[PDB]
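A single chain, nothing else alongside it, follows as structure tokens in the form deposited in one PDB entry.
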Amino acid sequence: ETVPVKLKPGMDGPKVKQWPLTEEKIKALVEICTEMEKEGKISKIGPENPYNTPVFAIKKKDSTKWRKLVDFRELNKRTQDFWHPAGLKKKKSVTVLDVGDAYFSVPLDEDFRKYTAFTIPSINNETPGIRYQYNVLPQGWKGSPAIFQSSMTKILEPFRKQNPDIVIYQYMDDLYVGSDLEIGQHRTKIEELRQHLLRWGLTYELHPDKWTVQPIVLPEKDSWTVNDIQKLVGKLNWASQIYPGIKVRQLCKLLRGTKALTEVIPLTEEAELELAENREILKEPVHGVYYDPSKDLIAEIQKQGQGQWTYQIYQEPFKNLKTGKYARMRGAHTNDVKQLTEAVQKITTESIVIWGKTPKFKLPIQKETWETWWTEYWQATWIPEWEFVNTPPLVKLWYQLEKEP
């Protein structure tokens, strides 16, 4: 039978406009859709359906075989509710698998289908878009893994008992398998899981335990100039928003007088102590920070430049759950949008591994720029929420100061 799925009280179906696609992408979607049409998974719809959800074609690791990807973010937020492993983060190596291919097996409630309406665009609009709706469980839709949960655990159990030292977690179309076995034995065991998964209907890795909490390193110098001290004080002052024990008084006293920026200032013992105490405070994360599951997770990113990027995940301003840095991947040398997308995906995978949810991003990129080119470098099955922001000059300056090896 089909489970009667419905929308949250008062909500209506999504009517998100389809963004223009490149010719390659359109061709790929059309092929893919014709196939799914033949396989009875999706069906052409009429004008009596006013709903719509964005669709695009991605590519991931390993192929030319364009993968269809639908942006169900709005539908997910409108879908009724249906109401996590603490050890997954402490695993040596975690592998991700796309179990999205399993949903086509289960049919979607007929009365809900209308809401899955999506559209393949036409170049120069010389042809009306090709409208379709789902007949089965859609990939990327929250209701899919939920409905398919009964079946999912069932198929997974046999592997879980053969290997309960391994932790398996499911988020959307993904499955993260974390084990403490060494690379080879780990991967060999994963393929064992896949082979097991393949006798039903579907088809590198992370290292969580390595995610070290990096501190802030303050500059040290033989001689300090008026400007060096000034820059140090600016950053320390900002840092007092996190660590209220940080002090700039004794340093600020050295800044008394209209002296040349390049002039060298001898540090008074009192100022020297202050700097020492400050370094001690920054030696460890601020106390009392804990994750509240009933709160939205936030991820802010700053463009540090030269391929470097910094981020912080929190819920309350300054009470950071995690902070990190991302260097551009080989190849992304002239593309910011690629580095950013890669960053968002990396940060999001961590958020899932750690808290089992995707954070809401604050991206230092113009709406237009992002929306025009993010898809070209997207590889994950899911899509996180995002807002576009103006990065404050100091927040960047402070996190740039993070400790490196």
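One-based numbering along the sequence shown. So that the term is clear: the rigid core is the largest set of C-alpha atoms that superpose within 1.5 Å between two forms.
What comes next is about the form deposited in another entry, which is not displayed.
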Out of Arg256, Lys210, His287, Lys154, the residue that alone shifts its CA by 2 Å or more between the shown form and the other one when the rigid core is the reference: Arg256
Threshold 2 Å Cα movement between the shown form and the other one at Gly307, rigid core reference: no
Core-superposed comparison between the shown form and the other one, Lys247 Cα displacement 2 Å or beyond: yes
